[PDB]
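A.B. asks: One structure is given below, represented as structure tokens, and several questions about it will come after.
We place every Cβ from the backbone using ideal geometry, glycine too, and count neighbours over all the protein chains shown. Basis: the model, the stated rules and, where named, an outside source; nothing here is a laboratory result.
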There are 4 protein chains.
Amino acid sequence: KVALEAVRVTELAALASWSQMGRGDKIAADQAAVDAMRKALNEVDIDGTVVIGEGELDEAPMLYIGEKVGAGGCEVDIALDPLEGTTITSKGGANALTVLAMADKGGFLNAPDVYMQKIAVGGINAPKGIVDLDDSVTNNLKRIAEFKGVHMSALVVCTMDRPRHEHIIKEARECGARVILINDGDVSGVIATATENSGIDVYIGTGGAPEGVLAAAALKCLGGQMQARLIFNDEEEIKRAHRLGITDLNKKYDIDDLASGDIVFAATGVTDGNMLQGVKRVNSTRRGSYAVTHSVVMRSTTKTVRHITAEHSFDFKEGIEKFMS
Amino acid sequence: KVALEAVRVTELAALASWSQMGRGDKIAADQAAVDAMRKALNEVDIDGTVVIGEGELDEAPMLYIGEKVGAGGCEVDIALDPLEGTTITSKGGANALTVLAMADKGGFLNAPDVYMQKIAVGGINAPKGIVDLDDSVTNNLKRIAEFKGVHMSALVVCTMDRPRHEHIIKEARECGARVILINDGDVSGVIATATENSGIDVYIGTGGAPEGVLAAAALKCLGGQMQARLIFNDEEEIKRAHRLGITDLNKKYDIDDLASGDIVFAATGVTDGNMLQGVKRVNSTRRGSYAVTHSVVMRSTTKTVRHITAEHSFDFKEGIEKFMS
Amino acid sequence: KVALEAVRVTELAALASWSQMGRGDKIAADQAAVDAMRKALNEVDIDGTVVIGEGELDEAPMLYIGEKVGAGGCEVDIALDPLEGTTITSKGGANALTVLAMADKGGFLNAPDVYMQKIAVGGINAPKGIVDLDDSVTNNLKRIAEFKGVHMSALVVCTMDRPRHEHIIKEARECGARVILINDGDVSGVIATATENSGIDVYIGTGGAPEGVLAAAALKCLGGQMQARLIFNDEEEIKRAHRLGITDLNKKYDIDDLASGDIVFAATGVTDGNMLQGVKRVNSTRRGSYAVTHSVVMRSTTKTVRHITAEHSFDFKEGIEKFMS
Amino acid sequence: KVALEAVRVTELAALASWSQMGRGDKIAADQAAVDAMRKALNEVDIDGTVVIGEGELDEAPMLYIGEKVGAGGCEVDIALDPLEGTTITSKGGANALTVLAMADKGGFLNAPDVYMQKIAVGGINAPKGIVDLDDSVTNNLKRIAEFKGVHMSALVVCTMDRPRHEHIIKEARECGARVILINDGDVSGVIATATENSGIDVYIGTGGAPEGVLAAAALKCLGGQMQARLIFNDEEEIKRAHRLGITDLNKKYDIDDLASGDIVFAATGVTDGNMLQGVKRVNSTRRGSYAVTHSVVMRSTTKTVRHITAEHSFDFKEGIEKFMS
Ligand SMILES: [Mg+2]
Ligand SMILES: [Mg+2]
Ligand SMILES: [Mg+2]
Ligand SMILES: [Mg+2]
């Protein structure tokens, strides 16, 4: 229907964000991104409504939860991060993306801005029940080593550099695994388990709830397993979840529970990461100077995956500011 | 915003064509790529007056000229070749590819089924007026070794392996320039004059006029210079020209004359060629079996060029012609 | 122990050979390739001896059977085709490689410049009974289709566009399997069966015997099965076979028979082909002008396979024939 | 015929380093690389003396400054980093590299592991005198943006995330430039200024002085400018500076002073980075299971750069510690 057109949205949000890469301005980065994604997303033939975005109305003037978007077409619910990794992008760190998923009405978990435990593994073969948040780290990786046909010492486990991950990092290591640390970007790091050239076999750790819904949306189209659990340390978070319909607070959600039906997923890299290469300036002797975006588009029914590298003309003698929409 | 949806038309055309590759069938090959091209079009939302279909009128009752393909919207002009080099498809020779192009009402030259003399070079910089058909082969190659800034022994020049070209070859060679030869198709041969790492600087040859204007469209998105002229043997080859809006019959068409306006150009490789790579069978252990297609989509206004590798899920224990509807 | 230095000889050969690409002088093409290759060899610290190659002395090639070569080092037997495609290099055709192979003295089959039946398949775990020249085309294709877990129509079969192959072209096609033709060398074509992104599954064909030994030496490092048999039509060929104690004349030869012990294989693309990419001219605004070469070098002991993209600075405003020296 | 064999050394160190990746043990990782590199290097046909290694006579048992290495051959001064980023590898961070360079006697600055101020830009199109440590961040960035024919806002400047890099980050960002921060690895950060799809124009920062000599070696092969200065900042460092022919401890060193003459540079990636990708496990259905290394070899005389993708066969059902010596 609309699948291949969403990638223009992510591409322009990543050009805008790339304008603010290395500037150290989390707010200019996130605003150039929201600006440009909203501007491009009001031009796709959809009757879309932002199920997940930059927050509730009062806080976010643009791409707030509930906002009507799209120019006219099939009725869909929209999940987005105009820029996943505003801090990353502001520093020039790895694993920053612009991300956008779409489903038939009510297909995404209606997730509050709250932490979420995660375990993910890639593979179309026959994984499921392979991965379970209520089981040991050792048992999950023992199963995964069996499924992949490797020694435990070959598995590469990704998680975020935090204190809250210390125990998983220790258990996975004495269990025999290799555990690598990303500063930030667990969307990139979850999807990297099902991304053909990452060096990452498993992702374990806790991070945003929306990041986890968007990553599950990708693993639906790539093929994988993933469990998630929302978590709380604050009655304000519990009321926040109560106000979204969520009553079963310790529910383990599987990939189907997080994204269901005809999902389409699209991302663009802003900086080099686990999953996508970053945006680059190129000057050829042929067509002159241009900017290069690396994008992916994926669909859950057909399961076609498309890797797209786009060349965008730019003089580069006036500021990168003109990449901002 | 008509553009990127064009890519799945050429993707499905090259899949159907790849099904018949290496089987010795010319009719099954091209006529299987035409079916898919059109059944892809007849589920796309566009209104498509066909400028360049297949059969003139008599040859086959559903790929005519004046055909209206798609499903309404913009009424743009749709040039096709659902497979060029369809002998070279049915037994694996290089440079088979499925192409779809479209512009505004005669953005193009509506072309007849006669032969065409062509000279082409690539890369949008400052070459203006550079190649002439009248003017000498040595003079053309001298001017463009000047422009590209290289000694003339470096220039690679490309031609169809026909005896009708023996002069150009010899003369280009007696000029001291390496000259390669294809058996195949001159769309990818001319287009490869502005493709990045093709290893080809110039095309000089006589081939079909449809293929000439399709590569002209490519070249106006990639930014090259081309001159062509239409030639005739029997006077029925004169018939269908004045019966189309032409009486300067030995008119000399420069690049704007074959294609101008807001142009979209989409191609997908069927076999490994000088421009795209062909379809392949891959067995991912993460993803299981699929077929990759290597594709390009571009546009004359923006001059944006997208390279698209697509993973199409397929279980290769089923007949290859499951790709064929 | 000279593993990777051999790749420099094939690089120098392919650059000199590229000088004469499509210059229609077969003689100056292979003269340039033999001059470059033999000087590069003489600066490789080996006590090499040229045990495979067409001709003797002043009969066809300049490097010839029984010539001592090198600058000291280990004593080694050298298999060659200083350019297995001087017919295609000066023609402008595909599958032009420069090739070299090294074994312990007595490592290669001493073949008596006679033709050869060849059937080759790729695959790390191919059983050796998997392919048999005494069996039907179709039995072979059905057995390897089983091994690969494919429908026989998925299998792409590659052979040379020669009249003597029409029969196996036909039977292979009545399998509903697909058959693709090359006018060019069969070293490229046999190794493409164990090459990552060649679209070629099986090679069946008759061709020269040096080319068979070089193909066997590559498949021995790459993996996969190959069976070969020398063709003895005349009392003269048989006596040449008895002048070297070849008792059985119908012996079927496996890879271990064709090349045995410690094998080094190295090849460099001259033009685009089934296995390697051709040499190209590049201009980058931060490096400059260089020609790129695409090589493979490999060894049977380690079973290590190295892929070498090399950049050779060259000012291209001056004459193309400076790599030749 | 010694140039390329250096890649075998770095590969061998990188596979051993890779055993220890994400294992949390930095001594085990540096020790695995030191042991693998020393063993591999004693196989190489050179009369090498270590001029830059792991430490001095007393501190470092293996690869100590002054050590005679190699099997015997041409007299060379060796500069080594068995493992750059021992911390990086232990945690699976970016820009872990194994590195080896060779030159004639006196070709290297014999640098102790003191800190070094560094500024680096790449380009073979005649940059020189463009970077000065004594100039402002603003003056240098202005000259560089002019030299690249680019707006000041386009330059990506790179430095390590350190408090001692506050001024350069602040000052650089107020000129309008983008500044990106790497956790560690200033060899990969400086060499990225002269690497093709590096998104990095300048490196400004302070780090290891040996890491600076080695980045200088690469840049003499790749083309670029760089200026550096040692910081002997405790009296033992200053006296151990006078102990090696130094007296002007505030001397600025040009690139020629850090690496001059006949220079061979080789490196292999351990983790993904700004210069090289990291080692991966690959499980291919044709080729079997292997570990990919990505390496670069280059020479300053010939300005030849070789990008080397190596496939090292491995049963990944055995411990990854098999990749150790
Ligand atoms: Mg965000
Ligand atoms: Mg056609
Ligand atoms: Mg070190
Ligand atoms: Mg240091």
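A.B. asks: Identify, please: which residue in region C:181-212 is farther than 22 Å from B:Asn183 by Cβ and part of a loop (DSSP other than H, G, I, E, B) and is, among those, nearest to the chain's Cα centre (by Cα)?
C.D. replies: Once the filter is applied, the top-ranked residue is C:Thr195.
A.B. asks: When you go through B:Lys39, B:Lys118, B:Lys91 one by one, which is the residue that is within 14 Å of another protein chain (Cβ to nearest Cβ) and of a type in the set (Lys, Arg)?
C.D. replies: B:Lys91
A.B. asks: When residues of region A:17-30 are filtered for being surrounded by 21 or more Cβ atoms within 10 Å (Cβ to Cβ) and more than 13 Å from ligand 1 (Cβ to nearest atom), how many remain?
C.D. replies: 5
A.B. asks: Follow-up question, since we're still on this one. With respect to A:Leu141, determine if the residue is in a helix (DSSP H, G or I), outside the structural domain of A:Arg299 (by CATH) and either free of Cβ contacts under 8 Å to residues at least 12 places away in the same chain or under 28 Å from B:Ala310 (Cα atoms) (or both).
C.D. replies: Values: in a helix (DSSP H, G or I): yes; outside the structural domain of A:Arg299 (by CATH): yes; either free of Cβ contacts under 8 Å to residues at least 12 places away in the same chain or under 28 Å from B:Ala310 (Cα atoms) (or both): no.
So A:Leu141 fails the test.
A.B. asks: For region C:247-276, enumerate the residues that are hydrophobic (A, V, I, L, M, F, W, C) and surrounded by 18 or more Cβ atoms within 10 Å (Cβ to Cβ).
C.D. replies: C:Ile255, C:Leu258, C:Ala259, C:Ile263, C:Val264, C:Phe265, C:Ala266, C:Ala267, C:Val270, C:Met275, C:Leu276
A.B. asks: Among the residues that make up region A:277-295, is at least one of them away from every other protein chain (no Cβ under 13 Å) and assigned to a strand (DSSP E or B)?
C.D. replies: no
A.B. asks: Same structure, new question: List the strands (runs of 3 or more DSSP E) inside region C:31-90, counting only whole elements, that have at least 1 residues being surrounded by fewer than 21 Cβ atoms within 10 Å (Cβ to Cβ), in contact (Cβ under 8 Å) with a residue 24 or more places away in the chain and among the hydroxyl-bearing types (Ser, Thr, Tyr).
C.D. replies: C:46-52
A.B. asks: Looking only at residues that are within 12 Å of ligand 4 (Cβ to nearest atom) and farther than 17 Å from D:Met37 by Cβ in region D:94-112, which one is nearest to the other protein chains (Cβ to nearest Cβ)?
C.D. replies: Here is the first cut: in region D:94-112, the residues within 12 Å of ligand 4 (Cβ to nearest atom) are D:99, D:111-112.
Filter once more, so that each one left must be farther than 17 Å from D:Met37 by Cβ: D:111-112.
Values: D:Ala111: 27, D:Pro112: 31 Å.
Checking each candidate, the answer is D:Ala111.
A.B. asks: Return yes or no: is D:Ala96 assigned by CATH to the domain that holds D:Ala14, buried (at least 24 other Cβ atoms within 10 Å of the Cβ) and within 14 Å of ligand 3 (Cβ to nearest atom)?
C.D. replies: yes
A.B. asks: Only one of D:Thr271, D:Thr247 is over 15 Å from D:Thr10 (Cβ atoms), of a type in the set (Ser, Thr, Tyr) and in a loop (DSSP other than H, G, I, E, B); which?
C.D. replies: Just a single option satisfies the conditions, and that option is D:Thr247.
A.B. asks: Now a separate question. For residues that are more than 20 Å from the chain's Cα centre (by Cα) and over 27 Å from A:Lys1 (Cβ atoms), scanning just region A:46-59, find the one that is nearest to ligand 3 (Cβ to nearest atom).
C.D. replies: A:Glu59
A.B. asks: Another question, if that's okay. Any idea how many residues of region B:34-93 are of a type in the set (D, E, K, R) and either within 27 Å of B:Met160 (Cα to Cα) or not assigned by CATH to the domain that holds B:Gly269 (or both)?
C.D. replies: Of the residues in region B:34-93, 6 are of a type in the set (D, E, K, R) and either within 27 Å of B:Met160 (Cα to Cα) or not assigned by CATH to the domain that holds B:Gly269 (or both).
A.B. asks: Let me ask you something else. How about region B:273-292: which of its residues are among the aliphatic types (A, V, I, L, M) and in contact (Cβ under 8 Å) with a residue 24 or more places away in the chain?
C.D. replies: Once the filter is applied, which keeps residues that are among the aliphatic types (A, V, I, L, M) and in contact (Cβ under 8 Å) with a residue 24 or more places away in the chain, region B:273-292 yields B:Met275, B:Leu276, B:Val279, B:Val282, B:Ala291.
A.B. asks: Determine, yes or no, whether C:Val150 is outside any helix (DSSP H, G or I), touching a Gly at 6+ places or on another chain (Cβ under 7 Å) and under 30 Å from B:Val292 (Cα atoms).
C.D. replies: No.
A.B. asks: Quick check on C:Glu311: is it of a type in the set (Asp, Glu), outside any loop (DSSP other than H, G, I, E, B), on the phi < 0 side of the Ramachandran plot and facing another protein chain (nearest Cβ under 7 Å)?
C.D. replies: Yes.
A.B. asks: Is region A:229-241 home to any residue that is surrounded by fewer than 24 Cβ atoms within 10 Å (Cβ to Cβ), closer than 30 Å to A:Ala40 by Cα, in contact (Cβ under 8 Å) with a residue 60 or more places away in the chain and not polar (S, T, N, Q)?
C.D. replies: Looking through region A:229-241, none of the residues is surrounded by fewer than 24 Cβ atoms within 10 Å (Cβ to Cβ), closer than 30 Å to A:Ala40 by Cα, in contact (Cβ under 8 Å) with a residue 60 or more places away in the chain and not polar (S, T, N, Q).
A.B. asks: Exactly one condition in (1) touching a strand residue (DSSP E or B) at 6+ places or on another chain (Cβ under 6 Å); (2) within 22 Å of D:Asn183 (Cβ to Cβ) is false for D:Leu41; which is it?
C.D. replies: The single condition D:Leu41 does not satisfy is (2).
A.B. asks: Turning to a different aspect of this structure: Could you check, for region C:204-215, whether at least one of its residues is within 14 Å of chain B (Cβ to nearest Cβ) and farther than 15 Å from C:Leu258 by Cα?
C.D. replies: The answer is yes, given that some residue of region C:204-215 is within 14 Å of chain B (Cβ to nearest Cβ) and farther than 15 Å from C:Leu258 by Cα.
A.B. asks: So in region B:1-36, with the set limited to residues that are among the small types (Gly, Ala, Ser) and farther than 17 Å from B:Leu276 by Cβ, which one is nearest to the other protein chains (Cβ to nearest Cβ)?
C.D. replies: B:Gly22
A.B. asks: Of the residues that sit in region C:151-166 and are in contact with a helix residue (DSSP H, G or I) (Cβ under 8 Å, 6 or more places away or on another chain) and within 19 Å of B:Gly93 (Cβ to Cβ), which one is farthest from the other protein chains (Cβ to nearest Cβ)?
C.D. replies: The residue in question is C:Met160.
A.B. asks: Would you please name the residue that is farthest from ligand 2 (Cβ to nearest atom), looking only at residues in region D:91-122 that are under 16 Å from D:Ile182 (Cβ atoms) and outside any strand (DSSP E or B)?
C.D. replies: Ranking the candidates gives D:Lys91 first.
A.B. asks: Let me spell it out: the conditions are (1) part of a helix (DSSP H, G or I); (2) away from ligand 4 (no atom under 16 Å from the Cβ); (3) in contact with a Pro (Cβ under 7 Å, 6 or more places away or on another chain), and D:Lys220 meets all of them except one. Which number is the exception?
C.D. replies: Of the numbered conditions (1) part of a helix (DSSP H, G or I); (2) away from ligand 4 (no atom under 16 Å from the Cβ); (3) in contact with a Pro (Cβ under 7 Å, 6 or more places away or on another chain), the odd one out for D:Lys220 is (3).
A.B. asks: Now, a different point. Quick check, is D:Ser188 farther than 21 Å from D:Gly129 by Cβ, surrounded by 24 or more Cβ atoms within 10 Å (Cβ to Cβ), in contact with a helix residue (DSSP H, G or I) (Cβ under 9 Å, 6 or more places away or on another chain) and of a type in the set (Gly, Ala, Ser)? Explain how you work it out, then say what you get.
C.D. replies: Values: farther than 21 Å from D:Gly129 by Cβ: yes; surrounded by 24 or more Cβ atoms within 10 Å (Cβ to Cβ): yes; in contact with a helix residue (DSSP H, G or I) (Cβ under 9 Å, 6 or more places away or on another chain): yes; of a type in the set (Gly, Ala, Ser): yes.
Yes.
A.B. asks: Tell me whether region D:128-137 contains one or more residues that are under 28 Å from D:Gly48 (Cα atoms) and away from ligand 1 (no atom under 16 Å from the Cβ).
C.D. replies: As a first pass, look at region D:128-137 and keep what is under 28 Å from D:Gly48 (Cα atoms): none.
There is no residue in region D:128-137 that is under 28 Å from D:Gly48 (Cα atoms) and away from ligand 1 (no atom under 16 Å from the Cβ).
A.B. asks: Please enumerate the residues belonging to region D:1-30 that are in a loop (DSSP other than H, G, I, E, B) and closer than 24 Å to C:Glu311 by Cβ.
C.D. replies: Listed by number, the residues that qualify are D:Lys1, D:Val2, D:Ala3, D:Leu4.
A.B. asks: Within region B:130-150, can you find the residues that are at the interface with chain C (Cβ under 9 Å from one of its Cβ atoms) and surrounded by fewer than 17 Cβ atoms within 10 Å (Cβ to Cβ)?
C.D. replies: Matches in region B:130-150: B:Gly149 only.
A.B. asks: Any idea which of D:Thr304, D:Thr309 is within 27 Å of the chain's Cα centre (by Cα) and surrounded by 19 or more Cβ atoms within 10 Å (Cβ to Cβ)?
C.D. replies: Being within 27 Å of the chain's Cα centre (by Cα) and surrounded by 19 or more Cβ atoms within 10 Å (Cβ to Cβ) holds for just one of D:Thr304, D:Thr309, which is D:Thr304.
A.B. asks: Those residues that are within 12 Å of chain A (Cβ to nearest Cβ), in contact with a helix residue (DSSP H, G or I) (Cβ under 6 Å, 6 or more places away or on another chain) and aliphatic (A, V, I, L, M), I need them from region D:167-181; list them, please.
C.D. replies: Within region D:167-181, D:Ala172, D:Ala177, D:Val179, D:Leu181 qualify.
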